[PDB]
Structure formats: C-alpha cells, structure tokens
Amino acid sequence: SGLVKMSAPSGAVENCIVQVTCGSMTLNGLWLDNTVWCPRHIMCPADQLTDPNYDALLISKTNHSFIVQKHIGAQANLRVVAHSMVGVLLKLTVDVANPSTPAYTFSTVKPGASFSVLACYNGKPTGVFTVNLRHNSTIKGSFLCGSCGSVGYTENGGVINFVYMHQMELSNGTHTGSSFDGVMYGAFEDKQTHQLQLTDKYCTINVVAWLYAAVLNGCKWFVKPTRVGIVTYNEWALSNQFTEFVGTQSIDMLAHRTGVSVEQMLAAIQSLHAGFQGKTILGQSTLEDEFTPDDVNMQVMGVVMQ
Amino acid sequence: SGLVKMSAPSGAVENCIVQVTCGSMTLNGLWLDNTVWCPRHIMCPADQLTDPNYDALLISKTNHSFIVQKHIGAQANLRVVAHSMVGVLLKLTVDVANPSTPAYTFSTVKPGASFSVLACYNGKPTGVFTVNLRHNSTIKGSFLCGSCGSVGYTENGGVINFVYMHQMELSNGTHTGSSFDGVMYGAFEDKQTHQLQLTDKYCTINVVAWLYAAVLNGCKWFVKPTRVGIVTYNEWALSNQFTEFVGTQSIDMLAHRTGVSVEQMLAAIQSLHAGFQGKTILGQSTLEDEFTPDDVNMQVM
Ligand SMILES: [Zn+2]
C-alpha cells in the first residue's frame with residue numbers, strides 16, 4: 001500500500017539523450033534511430049532570444065553547423081547528414097542509427113494526463129519526476145536554465161511513449177514544451193515575451209481517483225450516503241473551477257472494488273472543496289488532482305474475484 | 001524554478017536488477033560483479049514463518065536451490081556457485097560477473113535523509129520514487145506484495161550509492177528494509193509481528209530547507225524580522241514533536257542566497273506549527289519535511 005508520485009524507469013530514455021551544439025549554443029537532444037530532436041532556439045544566440053525569426057535563421061544553417069555528441073554510456077560521434085524544422089523543434093538526420101533505440105511512438109497528452117520527465121543538463125540525465133498537463137496546458141515542473149530538450153514520456157506494454165520536449169519557463173514553477181510534432185503545449189511561442197497563461201482548474205476525475213485511493217488505504221470519513229448526480233456535479237463545476245466529470249472504465253473498476261459510487265465521490269468533492277473541516281486525506285488538507293485513474297490503479301493493483 | 005519530488009535516474013540500477021527464485025516463488029535481487037543480494041526471507045514458505053530459525057533455512061538449502069534470472073535487457077540464467085548470510089540479507093555468488101556493474105558504494109542513511117527507490121516486481125523495474133527515512137527509521141513509500149528486494153539508492157559523480165533493500169511493510173504506507181550490511185533500519189526484524197515502531201517527528205532542518213525553497217520561488221509572507229535562537233528552539237522542539245536543529249553548510253548557502261537567517265526560519269516554524277490560518281506555502285497548508293537542504297540546493301541551485 002501507499003500512494004506516491006511515481007515515475008516510469010528512465011533507463012531506456014537515458015540511452016537516447018545527446019548534446020546538440022550550434023555555434024555558442026548547446027542543448028539536450030533526443031536520439032532515436034537516425035534522428036535527433038532538439039528545440040529550434042538552438043539556432044538563436046545570446047542576441048535575439050527575445051523575439052527572433054527562425055525562418056531566416058534556418059536557411060542560414062548547414063548540416064555542418066550542427067554537431068551532435070553523446071556523453072554517456074556508448075560514446076559518439078554522429079554526423080548530421082540532413083536538417084529540418086518541425087514547429088518549434090529542429091529535426092536532424094544522422095549517419096548512425098542509435099543502437100539503443102527502444103520500441104516507441106510519439107503522442108500528445110491531453111490536459112489531466114500525467115507523464116514522467118527525465119530532466120537533463122549538458123546532455124547528462126540529472127533527475128526523474130512526474131508531472132501532469134494542467135487544464136491550461138502547462139506543467140508544474142522543476143527546471144533550470146540549461147534544461148531545455150529534457151524529455152517527458154510514459155511507458156506501457158513495452159512501448160515508450162514520447163510526449164514532451166521541454167522548451168521554457170512561463171512564470172514561477174510553470175513550464176511548457178512541445179510534443180514531437182513540434183506543437184507547443186498551450187500554443188505558447190518560443191520567444192521571450194510576455195505570454196499569458198489561462199486560468200487552470202482542478203481535474204475532477206483525478207480527484208475522484210485520489211479519493212478512491214484514500215478509501216483503499218483506510219481513509220473513508222468523507223464518504224456519506226450523500227450523492228450528487230453527474231449532470232448536477234457538472235453544472236457546479238463550471239462555476240467552481242473544476243473540469244467536467246466524464247465516466248471511464250478505470251474509475252468504474254475503483255467504484256466496484258470499493259463499493260463506493262461515483263456520485264458519492266462527487267458529493268465528497270463538493271463538501272471537501274468547502275473545507276476539510278480540520279481533517280486530512282492521505283496527509284493532505286487540500287484536494288490532490290495529479291494522480292490519474294490509471295496511476296491509482298497501478299499502485300492499488302489487485303486480484304479481482306469474479 | 002519550481003520544487004518537486006525528484007529522483008536520481010535509474011538506468012544504472014535497472015542494469016543490476018534480477019529475479020531470485022527459491023523454494024518457492026521469487027523476490028528481486030541486486031547483481032553487482034559476481035554477487036547477488038536479496039532478502040533472506042526468500043528461503044521461506046508462506047504458511048508459517050512467525051518465529052523461524054534462519055540458521056538452518058540457510059544450511060537446509062544449497063547452491064542451485066536458488067534460480068537467478070535477468071529478465072530485462074540481455075537475458076541470462078546465472079549459475080549460483082556459493083551462498084551465505086549477512087544479517088537479514090542473502091549473499092549469493094554467481095559464475096558470471098555483471099558486465100554492467102556501475103561504480104558504486106554502500107552506505108547507511110540517517111533519519112531525515114532522502115533517497116531514490118526503484119520498485120521492482122519479478123526482477124522487472126516498474127516505478128521510481130523518492131522517499132525519506134522518517135525519525136523512527138521507516139519510509140512512506142508505495143510497495144505491493146512482490147516488491148521485496150526493491151532497491152534504494154542515491155547518485156553522486158557517477159557513483160551509485162546503494163543504501164536500501166526493501167524487506168517488509170509494517171503498518172500501512174509504512175515500510176522498512178535494510179542496508180547492504182544486512183542491518184535493518186529501525187532495528188526491526190524478519191517477523192510477522194506488530195513491532196512497536198517509535199514515535200516519529202518533523203525533521204527541522206528539512207522544514208527549514210523547504211521554507212528557503214519557498215522564498216526562492218516567490219513565496220515569502222511567512223518571513224518576519226522575528227528571530228529565535230537555536231538553543232531556545234531545540235528546547236521548544238522536544239515539547240513539540242520536532243527534531244533538534246544542527247547547522248550545516250548546505251543551509252548556510254541558502255541563508256546567504258536569500259539573506260534570510262536560520263533564526264528567522266526557526267521562528268517561522270513555531271508560528272506555522274500552530275497552523276497556517278487560511279494561507280498556503282508552495283501549494284501546501286502543512287509543514288513539508290521531506291526535502292533536504294541538498295535536494296533544495298540541487299533544484300534551485
Ligand atoms: Zn535552451
């Protein structure tokens with residue numbers, strides 16, 4: 001038992017981190033098969049990081065103005081034999097295919113989804129932690145200057161899912177980056193201007209998952225015969241900065257395991273948001289909305305009598 | 001900026017995980033050089049083990065009573081050519097030396113210290129999280145039945161420091177284990193008994209580091225000119241479930257950078273213990289004590 005922010009083992013991602021240099025600039029990159037991915041402001045120097053134009057900066061470059069080095073494990077080497085710009089990423093083709101490429105895919109997480117981040121500095125993996133895409137499509141990470149190109153991922157059934165490359169800090173403890181199609185989460189632009197982030201909401205279905213985790217771990221005082229129907233819950237949510245609740249198989253597995261109905265949980269969320277009345281749920285006195293139903297199921301994984 | 005629970009990358013440790021099978025069913029093991037470490041309660045059944053004698057449990061079995069497999073990466077079966085017992089650990093020798101043994105050392109953490117954990121099942125790495133050795137030398141982690149033999153570590157300069165092998169769960173969300181010299185943290189034992197488990201306290205130097213992190217992330221409302229001397233604070237701390245404060249360099253680095261003195265933070269602790277009164281610090285309403293000065297230095301620099 002217990003519930004902690006848990007990350008996927010970073011081993012398979014570590015073997016793919018490289019360093020990418022362009023002029024005075026050096027960032028982290030991701031080496032998969034014959035391709036190296038890194039943020040495109042690699043081409044921007046000390047000068048124009050404010051409000052540059054990348055289109056001009058790109059044609060200015062050649063397959064040689066990029067050098068790629070691997071500074072961990074099996075060393076490298078690596079010759080850029082082609083280069084392109086995909087959104088806010090730069091896509092490099094290299095002569096050698098990464099021998100340690102894991103089975104993988106690219107996808108884009110939706111708000112409320114969690115993933116693991118391998119934080120990197122100077123091409124060295126430095127830390128692992130879990131975040132989730134907030135309702136305003138930012139993450140609340142821990143990054144410092146030099147950490148761009150750091151890699152967000154999940155792992156499911158042998159497949160590494162690469163979903164995030166770190167780009168920037170929007171404000172205190174608030175970060176964003178892009179998926180590997182080079183779309184920036186939240187549509188922020190990669191220039192150093194004031195860009196405002198939208199409001200952000202508690203993710204209801206994650207709060208519900210959390211409450212089910214509590215119950216399974218012996219905390220159940222917030223559970224009453226009181227119920228709020230989904231449609232009613234959802235009307236209240238639109239005025240109280242909560243996301244709308246939509247049912248899922250994963251939540252229904254938890255309702256079934258605990259014998260506590262979803263609509264009891266939504267009522268609990270209404271009460272608790274008004275105040276924990278000086279009590280605690282798994283140590284917290286505020287609502288935790290960053291464990292997903294899948295995250296909860298993986299840590300309260302059990303045998304089911306059928 | 002930002003402050004989160006961060007773990008050391010686990011790849012070098014993943015390379016060392018193996019599955020050990022005895023008589024019967026399996027635990028996780030750590031494969032370093034020609035050695036494999038794993039909890040000793042693996043020479044064990046499932047019916048009775050309440051008051052066992054490990055003496056004979058050891059001599060009763062022999063060499064290939066143990067099957068050791070590497071399931072991830074390069075798959076191997078690893079012959080066991082020798083075995084012995086250190087404390088609550090089992091120290092096997094195997095004919096093949098792990099070619100991916102990282103530079104490593106063994107140590108024992110003190111209460112208040114934090115380390116990374118690679119949770120494992122069937123010799124397979126599943127999750128990584130960070131924990132903190134509580135005052136009563138337990139940890140609050142996330143472990144399920146087949147997780148025993150899971151490995152706690154820290155990393156420095158390319159050296160893996162192995163500090164923890166998971167042994168059992170005590171209460172709920174309450175777990176414990178041993179260092180690699182076979183000594184159990186908290187001096188608990190391979191037994192199904194509700195052992196007393198000491199009283200647990202807030203780790204003061206860690207709360208201080210956390211308050212420093214808060215200031216460095218734009219949150220500083222709790223800072224007053226009000227000071228409290230260290231000696232005066234320790235007195236108060238015994239009557240109030242807190243650990244004694246002992247200045248270190250990591251802290252001074254934070255005091256310096258923020259220009260806020262340790263005595264201010266101590267004073268702030270007394271104020272906030274009583275309660276936060278509607279106000280939050282770094283999204284929390286309670287005094288977080290599981291980030292160490294080093295953690296904070298690492299994340300804020
Ligand atoms: Zn950068």
# chains A, B, ... in the order shown; residues from 1 in each chain; ligands from 1

call {"tool": "residues_around", "arguments": {"residues": "residue A:248", "least_positions_apart": "3", "cutoff": "9 Å", "atoms": "only C-alpha atoms", "output": "list in words"}}
result
residues 205, 251, 252, 253 and 293 of chain A

call {"tool": "write_last_selection", "arguments": {"atoms": "N, CA, C and O atoms", "output": "mmCIF file, in the first residue's frame"}}
result
data_model
loop_
_atom_site.group_PDB
_atom_site.id
_atom_site.type_symbol
_atom_site.label_atom_id
_atom_site.label_comp_id
_atom_site.auth_asym_id
_atom_site.auth_seq_id
_atom_site.Cartn_x
_atom_site.Cartn_y
_atom_site.Cartn_z
ATOM 1 N N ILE A 205 -11.835 14.085 -12.396
ATOM 2 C CA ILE A 205 -11.702 12.645 -12.467
ATOM 3 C C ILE A 205 -10.427 12.184 -11.757
ATOM 4 O O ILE A 205 -10.404 11.105 -11.158
ATOM 5 N N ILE A 251 -12.236 4.342 -13.598
ATOM 6 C CA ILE A 251 -12.997 4.795 -12.427
ATOM 7 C C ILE A 251 -14.027 3.754 -11.990
ATOM 8 O O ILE A 251 -14.178 3.463 -10.787
ATOM 9 N N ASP A 252 -14.717 3.170 -12.965
ATOM 10 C CA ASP A 252 -15.711 2.150 -12.655
ATOM 11 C C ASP A 252 -15.081 0.915 -12.008
ATOM 12 O O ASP A 252 -15.719 0.282 -11.181
ATOM 13 N N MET A 253 -13.825 0.589 -12.337
ATOM 14 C CA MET A 253 -13.127 -0.500 -11.631
ATOM 15 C C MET A 253 -12.948 -0.173 -10.154
ATOM 16 O O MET A 253 -13.003 -1.055 -9.293
ATOM 17 N N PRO A 293 -6.640 8.072 -12.863
ATOM 18 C CA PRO A 293 -7.230 6.771 -12.510
ATOM 19 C C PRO A 293 -6.294 5.599 -12.835
ATOM 20 O O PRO A 293 -6.211 4.639 -12.064
#

call {"tool": "select_by_dssp", "arguments": {"residues": "stretch 41-211 of chain B", "states": "alpha helix (DSSP H)", "output": "list in words"}}
result
residues 54, 55, 56, 57, 58, 59, 60, 204, 205, 206, 207, 208, 209, 210 and 211 of chain B

call {"tool": "write_last_selection", "arguments": {"atoms": "N, CA and C atoms", "output": "mmCIF file, in the first residue's frame"}}
result
data_model
loop_
_atom_site.group_PDB
_atom_site.id
_atom_site.type_symbol
_atom_site.label_atom_id
_atom_site.label_comp_id
_atom_site.auth_asym_id
_atom_site.auth_seq_id
_atom_site.Cartn_x
_atom_site.Cartn_y
_atom_site.Cartn_z
ATOM 1 N N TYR B 54 16.703 -18.984 10.922
ATOM 2 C CA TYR B 54 17.257 -18.777 9.578
ATOM 3 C C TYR B 54 18.579 -19.509 9.387
ATOM 4 N N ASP B 55 19.192 -19.798 10.523
ATOM 5 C CA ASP B 55 20.319 -20.718 10.692
ATOM 6 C C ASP B 55 20.332 -21.908 9.749
ATOM 7 N N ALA B 56 19.158 -22.507 9.641
ATOM 8 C CA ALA B 56 19.041 -23.847 9.113
ATOM 9 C C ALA B 56 18.349 -23.799 7.801
ATOM 10 N N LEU B 57 17.337 -22.936 7.741
ATOM 11 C CA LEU B 57 16.814 -22.390 6.494
ATOM 12 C C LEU B 57 17.947 -22.092 5.487
ATOM 13 N N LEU B 58 19.088 -21.631 5.999
ATOM 14 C CA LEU B 58 20.271 -21.452 5.164
ATOM 15 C C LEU B 58 20.958 -22.789 4.845
ATOM 16 N N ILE B 59 21.322 -23.569 5.866
ATOM 17 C CA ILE B 59 22.058 -24.817 5.615
ATOM 18 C C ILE B 59 21.171 -25.898 4.979
ATOM 19 N N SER B 60 19.856 -25.815 5.188
ATOM 20 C CA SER B 60 18.918 -26.772 4.589
ATOM 21 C C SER B 60 18.982 -26.742 3.066
ATOM 22 N N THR B 204 13.371 19.080 11.317
ATOM 23 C CA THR B 204 13.521 20.531 11.354
ATOM 24 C C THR B 204 14.383 21.117 10.234
ATOM 25 N N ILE B 205 15.581 20.579 10.059
ATOM 26 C CA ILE B 205 16.478 21.111 9.052
ATOM 27 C C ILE B 205 15.846 20.990 7.660
ATOM 28 N N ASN B 206 15.017 19.967 7.466
ATOM 29 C CA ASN B 206 14.307 19.780 6.207
ATOM 30 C C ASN B 206 13.178 20.808 6.024
ATOM 31 N N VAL B 207 12.444 21.085 7.093
ATOM 32 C CA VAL B 207 11.434 22.139 7.043
ATOM 33 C C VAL B 207 12.083 23.472 6.719
ATOM 34 N N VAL B 208 13.261 23.704 7.282
ATOM 35 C CA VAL B 208 13.971 24.948 7.038
ATOM 36 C C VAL B 208 14.342 25.059 5.556
ATOM 37 N N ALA B 209 14.912 23.987 5.014
ATOM 38 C CA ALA B 209 15.253 23.943 3.602
ATOM 39 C C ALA B 209 14.017 24.228 2.739
ATOM 40 N N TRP B 210 12.893 23.616 3.100
ATOM 41 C CA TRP B 210 11.636 23.837 2.387
ATOM 42 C C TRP B 210 11.191 25.310 2.432
ATOM 43 N N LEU B 211 11.299 25.946 3.597
ATOM 44 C CA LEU B 211 10.941 27.361 3.699
ATOM 45 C C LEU B 211 11.871 28.196 2.824
#

call {"tool": "closest_atom_pairs", "arguments": {"of": "chain A", "to": "ligand 1", "cutoff": "9 Å", "atoms": "only C-alpha atoms and all ligand atoms", "output": "CSV"}}
result
residue,atom,partner,partner_atom_place_in_ligand_line,distance
A:25,CA,ligand 1,1 (Zn),8.0
A:26,CA,ligand 1,1 (Zn),7.5
A:27,CA,ligand 1,1 (Zn),5.6
A:28,CA,ligand 1,1 (Zn),8.0
A:39,CA,ligand 1,1 (Zn),7.1
A:40,CA,ligand 1,1 (Zn),8.8
A:41,CA,ligand 1,1 (Zn),6.7
A:42,CA,ligand 1,1 (Zn),6.7
A:145,CA,ligand 1,1 (Zn),7.0
A:146,CA,ligand 1,1 (Zn),5.5
A:147,CA,ligand 1,1 (Zn),6.6
A:148,CA,ligand 1,1 (Zn),4.5
A:149,CA,ligand 1,1 (Zn),7.1
A:166,CA,ligand 1,1 (Zn),8.6
A:167,CA,ligand 1,1 (Zn),6.6
A:168,CA,ligand 1,1 (Zn),7.6

call {"tool": "closest_residue", "arguments": {"among": "B:288, B:119, B:300, B:241", "to": "residue B:257", "atoms": "only C-alpha atoms"}}
result
B:300

call {"tool": "interface_residues", "arguments": {"of": "chain B", "to": "chain A", "cutoff": "6 Å", "atoms": "only C-alpha atoms", "output": "list in words"}}
result
residues 1, 2, 3, 6, 7, 8, 9, 10, 11, 127, 128, 129, 141, 142, 143 and 173 of chain B

call {"tool": "atom_distance", "arguments": {"atom1": "atom CA of residue A:113", "atom2": "atom CA of residue A:133"}}
result
5.8 Å

call {"tool": "atom_distance", "arguments": {"atom1": "atom CA of residue B:44", "atom2": "atom CA of residue B:185"}}
result
21.5 Å

call {"tool": "closest_residue", "arguments": {"among": "A:102, A:38, A:86, A:47", "to": "residue A:66", "atoms": "only C-alpha atoms"}}
result
A:38
